[PDB]
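All values below were derived from every heavy atom in this structure, side-chain atoms included, with hydrogens, water molecules and symmetry-related copies excluded. Residue numbers begin at 1 in each chain, while the letters A, B, ... track the order of the sequences. Start at 1 and go down the list; that is how both ligands and their atoms are numbered.
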Amino acid sequence: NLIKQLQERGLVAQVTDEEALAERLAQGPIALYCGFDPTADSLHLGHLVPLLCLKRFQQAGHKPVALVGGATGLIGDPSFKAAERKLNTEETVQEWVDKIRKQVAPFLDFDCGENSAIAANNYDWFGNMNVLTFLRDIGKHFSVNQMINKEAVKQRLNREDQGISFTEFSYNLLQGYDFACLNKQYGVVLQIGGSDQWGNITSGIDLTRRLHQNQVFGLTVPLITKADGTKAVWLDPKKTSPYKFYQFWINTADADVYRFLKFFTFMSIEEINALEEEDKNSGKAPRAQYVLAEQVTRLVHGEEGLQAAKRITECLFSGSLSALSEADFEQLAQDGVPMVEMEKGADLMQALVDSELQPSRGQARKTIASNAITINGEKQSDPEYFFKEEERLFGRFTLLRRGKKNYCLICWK
Amino acid sequence: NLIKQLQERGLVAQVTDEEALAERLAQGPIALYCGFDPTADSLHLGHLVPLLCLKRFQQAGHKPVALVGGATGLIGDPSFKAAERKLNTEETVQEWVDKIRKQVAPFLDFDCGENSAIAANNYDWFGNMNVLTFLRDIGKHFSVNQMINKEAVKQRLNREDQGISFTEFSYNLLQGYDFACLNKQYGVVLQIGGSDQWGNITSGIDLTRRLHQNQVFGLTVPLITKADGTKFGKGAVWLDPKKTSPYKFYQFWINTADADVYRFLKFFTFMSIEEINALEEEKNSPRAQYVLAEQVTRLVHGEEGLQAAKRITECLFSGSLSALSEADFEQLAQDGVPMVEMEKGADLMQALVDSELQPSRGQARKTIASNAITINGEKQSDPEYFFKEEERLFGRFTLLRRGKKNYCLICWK
Ligand SMILES: Nc1cc(CO)cc2ncn([C@@H]3O[C@H](COS(=O)(=O)NC(=O)[C@@H](N)Cc4ccc(O)cc4)[C@@H](O)[C@H]3O)c12
Ligand SMILES: Nc1cc(CO)cc2ncn([C@@H]3O[C@H](COS(=O)(=O)NC(=O)[C@@H](N)Cc4ccc(O)cc4)[C@@H](O)[C@H]3O)c12
Ligand code: NA
Ligand code: NA
């Protein structure tokens, strides 16, 4: 059972009429969908959870539909959000829609026969729908009594300051109608998404019945709570660098790593169980984090992205910046380590103070005399030192390190 | 001051920023409006209360807009209604719109210069409004927290089985936008209606501030509760003479209770307040009910309708039917007196049975013999009598009275 496999990965929060849905999956290929609203330049890690689930369904022969909310992004999903969001402009939303559509596409196969993926956009049907048609044909099927009691919006109806507009209150009906549109258009019988989307999904199941007299299903994937109780890292490399992305996975807590392998990679459950059991009986610290980091970093940023993240990680730890490119240095200045902008000619002592690495020039004196300051890796032990011109690599980068762990990159101006 | 005068008639339930509206009315003509939704093929006496108020404003030099809800009648006003209403089709709503527009027109001056009345229909702007445009441009200004605290819908928001659909819940936004739309189109700065419409009116005052940065006002007229606790009008008394004959209409007013009649002159007539008060002084040994019936019947059904009602009332009181026309007997058949259809050749005994004036032929015989029965106002005491052909007036009508008061109209088949 595909559903059963997803359960042992931890990827099933809830599922409507599980026995019927499972019989439909065993019967043959179904079509399913997940929606993504455009609220930013790019998706982030959280979005991968249902997005990679679409691919898991496709790998079992089913047909995934990835919807971008061209219309619903002009409305705003309130589900489990504490505060009303400001409306975005049509112009901004459209540019975001195109970027998110192009981000989604490489994660699904658009060329594998009958079950090839489909890109969709609900603006196609909401852009020409009259309000009276929407109020009558769709709105009559919704009880405000039930709507105001849904978990996703209940808390917004406590105090009026942090209330909810009629605009965001109507969102649930737009996403409901989406399910009925994709049912009629492509035979979609399953919608998946995170557990916050449950109420938006069941509205689409019910409305699809009332409108199209068809039985469809929903399945939710979990929202991740870390083992310690906690929870942004974008897929766009110009927002989160491949090096920062890689390091984020490297620092995964021991109690989260195997679950995260299940959620964010396509490693078999057997290989994941073998890794956990190797980590268990080996008398060393876990190595799973390195496996997770390579896996997801290659997935999102490719082999080139992976090797650059490794190369930077290696040089930062070794002290040898000779391997690094200019582009490698640009990731460091974006994301990887704290940075400052100093005009050339400064001595190493005033380098430490201005970056908030050393408090005073007198403290920098003893710090530099104690052989505790590296410059691009090579020890420099004398206070009165100035940077040689060769040390400013690619004309604009030198990397300070106090002790072993404290970094600042100076981007000379 | 037009507002003070209306208050002396008891026609003002509530008013917003009253001092400010009063100064605005005193400065010069304003444009004002009232809306009427098509829920039947005719208006009834209730609608007269705000409709005649539109006229009262026009007589003071202001410009009335009478709006018929071609769009809101496709949605359904839930305010202070115990139960969800069934949706009406576009075809039948359009029928009602034109009948109601034609009913309303004679009550206002459409040809008196600058302040000529205007007929409006909110389908002209809602019939083609896109739903996203509606949810964004209008629905963002509406707090759901506030909507569910409107008195008009509180009784519907407690239990799903007596609940409210998203359809009827949104009605408040359409009426709110109407006000803003009429403000921009015509400079409308005032909306009137019954006190049941208060929440719909104040939502339009608010939205007009948000959309057009303009100050507008609202004034409501009371809902009439008769002095004996029962709600006014209750079936209903329709303006359409094919639903309520002018004779039935006139008798309704003739039989007003003395505790109501002076309140009803103020509400349903254009008599001066000074005259109404003078009439109430009667203690010299009341004309009020007759003045009320005369005024409103002339208003709604014209002089001809008034003379018809009086002519039938007198003929029924006197028993002499020679004044009644065939159209007059048709009013009687419609709703004036009990009627029964009978095949020609029935005898007097059977007519009395079939009309339920008598329970059996044996009893009818005695009753006839006792001289209790009139035929077209003439005594007939022969129990074995058959009607004469000349007693079928116009070939089709014969009026029976048993005793001094119990009528039944035979309509010969
Ligand atoms: N799964 C998951 C896990 C984590 C780690 O704990 C963080 C996440 N952050 C997000 N997600 C999940 O990503 C998906 C997209 O997110 S969204 O754009 O906000 N979606 C919406 O706003 C929908 N209303 C879009 C929609 C529009 C039209 C339609 O017809 C159907 C749907 C959702 O299924 C989230 O549950 C996360
Ligand atoms: N005043 C009064 C008194 C009595 C004696 O007790 C009985 C009455 N029965 C009715 N009324 C009054 O007649 C008017 C029409 O009634 S309605 O069609 O139901 N209206 C509606 O449904 C509005 N939503 C129409 C509307 C639409 C668009 C818009 O932009 C503005 C308004 C209302 O002002 C009632 O208060 C009565
Ligand atoms: Na989703
Ligand atoms: Na009204």
Participant: Pairing donors with acceptors under 3.5 angstrom, does anything connect the side chains of B:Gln191 and B:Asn200?
Facilitator: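 There is no such pair between these side chains.
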
Participant: Can you list the ligand 2 atoms lying under 4.0 Å from a non-hydrogen atom of B:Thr72?
Facilitator: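 By the 4.0 Å cutoff, the relevant atoms are 27 (C), 28 (C).
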
Participant: Between A:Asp196 and A:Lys81, does any side-chain N to carboxylate O distance fall below 4.0 Å?
Facilitator: no

Participant: Are any of the side-chain nitrogens in A:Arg209 or A:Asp206 under 4.0 Å away from the carboxylate oxygens of its partner?
Facilitator: no

Participant: Is the distance from the ring center of A:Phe126 to that of A:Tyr177 below 6.0 Å?
Facilitator: yes

Participant: Could you tell me whether A:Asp196 and ligand 1 have an N or O pair separated by under 3.5 Å?
Facilitator: yes

Participant: Would you say the side-chain atoms of A:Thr208 and A:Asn183 include a donor-acceptor pair closer than 3.5 Å?
Facilitator: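 There is no such pair between these side chains.
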
Participant: Taking the six-membered ring for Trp, are the ring centroids of B:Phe252 and B:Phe268 within less than 6.0 Å of each other?
Facilitator: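 No - the distance between ring centres of B:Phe252 and B:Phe268 does not fall below the 6.0 Å cut-off.
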
Participant: Could you go step by step and tell me if B:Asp98 and B:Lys102 meet the side chain to side chain contact (heavy atoms under 4.5 Å, CB included) rule?
Facilitator: CA-CA 6 Å; B:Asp98 297 316; B:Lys102 297 165 191 291; 4.3 Å; yes

Participant: By number and element, which atoms of ligand 2 are closer than 4.0 Å to a non-hydrogen atom of B:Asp178?
Facilitator: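 Contacts of ligand 2 toward B:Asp178, numbered from 1: 28 (C), 29 (C), 30 (O).
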
Participant: Would you mind running through ligand 2 and noting each atom that sits below 4.0 Å from a heavy atom of B:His44?
Facilitator: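 Those atoms are 9 (N).
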
Participant: So if I count the atoms of ligand 2 from 1 in the order they appear, which ones are less than 4.0 Å from some heavy atom of B:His47?
Facilitator: 10 (C), 13 (O), 15 (C), 16 (O)

Participant: Just go through A:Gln175, A:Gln197, A:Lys226 and tell me whose heavy atom is the nearest to atom 32 (C) of ligand 1.
Facilitator: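 Heavy atom nearest to atom 32 (C) of ligand 1 belongs to A:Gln175.
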
Participant: With nothing but distance in play, are any N or O atoms of A:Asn122 less than 3.5 Å from an N or O of ligand 1?
Facilitator: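 Between A:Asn122 and ligand 1 (N or O atoms, distance only) the closest approach is not under 3.5 Å.
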
Participant: Using a 4.0 Å cutoff against the non-hydrogen atoms of B:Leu67, which atoms of ligand 2 qualify?
Facilitator: 28 (C), 29 (C)

Participant: Is it true that the side chains of B:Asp228 and B:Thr230 contain a donor and an acceptor less than 3.5 Å apart?
Facilitator: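 A pair is found: one side chain offers a donor N or O, the other an acceptor, under 3.5 Å apart.
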
Participant: Quick one: does B:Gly69 get a heavy atom under 4.0 Å from ligand 2?
Facilitator: no

Participant: Counting each atom of ligand 1 from 1 as listed, which ones have a heavy atom of A:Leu223 under 4.0 Å away?
Facilitator: 2 (C), 3 (C), 6 (O)

Participant: Going by the closest heavy atom to atom 24 (N) of ligand 1, which one wins out of A:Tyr171, A:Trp198, A:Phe36, A:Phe80?
Facilitator: A:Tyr171

Participant: Looking at A:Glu168 and A:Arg156, is there a salt bridge between them, counting it only when a charged N and a carboxylate O are closer than 4.0 Å?
Facilitator: yes

Participant: Identify, by atom number and element, the atoms of ligand 2 in contact range of B:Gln191, meaning under 4.0 Å from any of its heavy atoms.
Facilitator: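 Under 4.0 Å from B:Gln191, ligand 2 has these atoms: 31 (C).
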
Participant: Say whether A:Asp77, considering both its backbone and side-chain N or O atoms, lies within less than 3.5 Å of an N or O atom on ligand 1.
Facilitator: yes

Participant: Assess, by modelled atom type and distance only, whether the side chains of A:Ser79 and A:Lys150 contain a donor and an acceptor separated by less than 3.5 Å.
Facilitator: no

Participant: Taking it one step at a time, do A:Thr72 and A:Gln175 satisfy side chain to side chain donor-acceptor pair (under 3.5 Å)?
Facilitator: CA-CA 7 Å; A:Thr72 36; A:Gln175 181 164 342; over 6 Å; no

Participant: Would you say B:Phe179 contacts ligand 2, with heavy atoms under 4.0 Å as the rule?
Facilitator: no

Participant: To which of B:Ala13, B:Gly193, B:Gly35, B:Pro50 does the heavy atom nearest atom 15 (C) of ligand 2 belong?
Facilitator: B:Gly35

Participant: Taking both backbone and side-chain atoms of B:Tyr33, is any N or O found less than 3.5 Å from an N or O belonging to ligand 2?
Facilitator: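 Between B:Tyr33 and ligand 2 (N or O atoms, distance only) the closest approach is under 3.5 Å.
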
Participant: For ligand 1, is any non-hydrogen atom under 4.0 Å from A:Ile224's backbone (N, CA, C, O), its side chain (CB onward), both, or neither?
Facilitator: both

Participant: Would you say A:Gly194 has any N or O atom under 3.5 Å from an N or O of ligand 1, going by distance alone?
Facilitator: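 Yes, at least one N or O pair falls under 3.5 Å.
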
